[PDB]
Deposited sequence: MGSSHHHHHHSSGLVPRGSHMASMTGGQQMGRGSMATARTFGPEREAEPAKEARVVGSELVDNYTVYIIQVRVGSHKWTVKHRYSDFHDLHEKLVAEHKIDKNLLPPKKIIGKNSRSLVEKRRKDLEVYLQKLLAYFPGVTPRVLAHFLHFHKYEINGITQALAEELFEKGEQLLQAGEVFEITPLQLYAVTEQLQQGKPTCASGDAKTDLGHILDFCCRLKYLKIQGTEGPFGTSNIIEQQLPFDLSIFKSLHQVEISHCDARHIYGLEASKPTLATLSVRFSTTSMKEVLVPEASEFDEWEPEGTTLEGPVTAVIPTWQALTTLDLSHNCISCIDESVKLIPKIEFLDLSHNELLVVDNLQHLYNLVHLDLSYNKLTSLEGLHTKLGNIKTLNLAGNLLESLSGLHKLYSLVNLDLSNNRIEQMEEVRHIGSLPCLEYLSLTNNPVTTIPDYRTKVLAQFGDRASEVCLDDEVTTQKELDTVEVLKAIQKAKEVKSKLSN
C-alpha cells in the first residue's frame, strides 16, 4: 500500500481569516485541501478524545509578534509537522475525522470504500427493494477493485458490505466526470475497474468513461437485458467483447454518442436485440445487421450515411427506422423494407420530390418525417408527398401533423389527374 504524505504548501486569505493549503499525496494521486487553524483545533479535540493523542501535539491557538508573515510561516511549518506526525502515527486504518479532514473519503482508496459502505449501510437495502438505479463513479469502482486486488478481507467489513450489495443490484448507472476530479490530479477515465462483483445486473448505463478500462460486465451476461454506453467507446467490440458466449438476455443496446465508425463482428454476440441505437457516431455504411432477426427499432441518426442502396439485404424486419441527420439525397433501396412502419428522414439533404416514389408503395408505413430537408420548400409539398402514397394517403402521419380533409381532397383530385 502507498505511503500517505501531506505538505502545507501555502496559505491564503478567505473573508477575514487565513486558510492553510495542504497538498495531500497518495502514490500517483495528488489533491489539495484548505483549512483555517480552528479546523485543525476541532480535529485535534476529536483525536485526543477518541484516539488518545498527545494533547500538546497541536501548535498553539494564541499567536503573537510583530511580523504577520513570519508568524504565519511558523504556523505553516508547525501544522505541517502536526499532520506528518498524525500520518506516521496512523499508518494503517485512518481515523474518520482525519480521513474527512484530508478528503480521503473523496480521493483515497480506503476512505472512498469506507464512505461507500456507509452509504450502502444507510440506503442500500431500501434502493434494492425499491428497484431504483444505483449511481456510482469510476473512482469508487476503482477503489473497490484495488482493495480486492490487495486481497483485503471480506469478513463483515466495509468491502464485505459493498460486495453483498453489488451481488444483488439489478439497476446500475456509472457516470464519469470529464477532466480532473475535484481538487485532485485524478483522471477518472484512466482508472481500471472490474464489474465481475455485480452478478445480477439487468440494466446498465455507462456515461463519460473509457470502455478500454472496464472489465467483468460479462458476469451479468445471463441477466443483462438493457445496456447504454455513451461518450465512452471507439467500437462495439470494445464494449461487447472481453468460444465467447452471447448476450442471451440483451434486447436493448444504446451505443449512441460515441466514435463508432463501423458495425463490427460483435453483432454475433447480440442475436436477440430488439432495439439498437447507434446514433451520433461516425458510421458511413450499414452492414452486419443481417442476422439480428429480432431487431425492430434501429436508430442510425446523425451519422455520415450517404446511400441506402441494398439496405433491405442488410436489415431484418425493422418496424421503426431513424436516419435523421445523415447526408442522404436519395431514398433508393428503401422500397423493399416492406415491414417498415415509422421512418424518420428529417434534417438530411433530400431535394427531389420524386424520391418519395421509393417509400410511397410501402404497405405498412404510418409515419414519415422529412422536416428540415429542401424538398419541404416545394409548392404544395404535403399534398405532393401524400399523393405518392396512393390509397394509403389517409394512413400516413407526415411531419408530426394531422392530415386535413382539405389535403386528402386535394390529393384525390391530383390522383384523378394522374389517372387520366
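Stretches of the deposited sequence absent from the structure, as judged by C-alpha coordinates, are 1 to 47, 203 to 207, 295 to 315, 494 to 502.
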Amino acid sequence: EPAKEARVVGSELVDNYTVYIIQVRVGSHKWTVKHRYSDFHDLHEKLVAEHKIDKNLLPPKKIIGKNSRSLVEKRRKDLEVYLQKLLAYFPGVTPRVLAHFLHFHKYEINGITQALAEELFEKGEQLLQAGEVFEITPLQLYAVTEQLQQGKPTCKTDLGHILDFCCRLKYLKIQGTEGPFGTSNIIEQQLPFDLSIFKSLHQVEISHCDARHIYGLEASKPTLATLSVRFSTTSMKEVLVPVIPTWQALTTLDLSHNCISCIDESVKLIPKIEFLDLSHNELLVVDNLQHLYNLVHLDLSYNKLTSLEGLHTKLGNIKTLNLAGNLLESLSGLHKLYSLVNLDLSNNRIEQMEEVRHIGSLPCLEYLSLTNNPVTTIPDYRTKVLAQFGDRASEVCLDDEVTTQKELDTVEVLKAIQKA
From here on, numbers count along this sequence of modelled residues.
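For the segment pair 120 to 128 and 75 to 83, the entry gives 120 to 128 the higher mean B-factor, averaged over Cα atoms. Averaged over CA atoms, B-factors in the entry run higher in 408 to 416 than in the other of 395 to 403 and 408 to 416. Ranking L139, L276, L345, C155 by Cα temperature factor from the entry places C155 first. When the C-alpha B factors of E108, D254, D299, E178 are read from the deposited coordinates, the top value falls at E178. Split the chain's modelled residues into thirds by C-alpha temperature factor. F90 is in the middle one. Residue-level temperature factors show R69 in the highest third of its chain, judged at the C-alpha atom. Per-chain ranking of the deposited C-alpha B factor places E50 in the highest third. In the PDB entry, a CA B factor belonging to the lowest third of its chain's modelled residues is recorded for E205. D39 sits in the lowest third of its chain by CA B factor, as recorded in the PDB entry.
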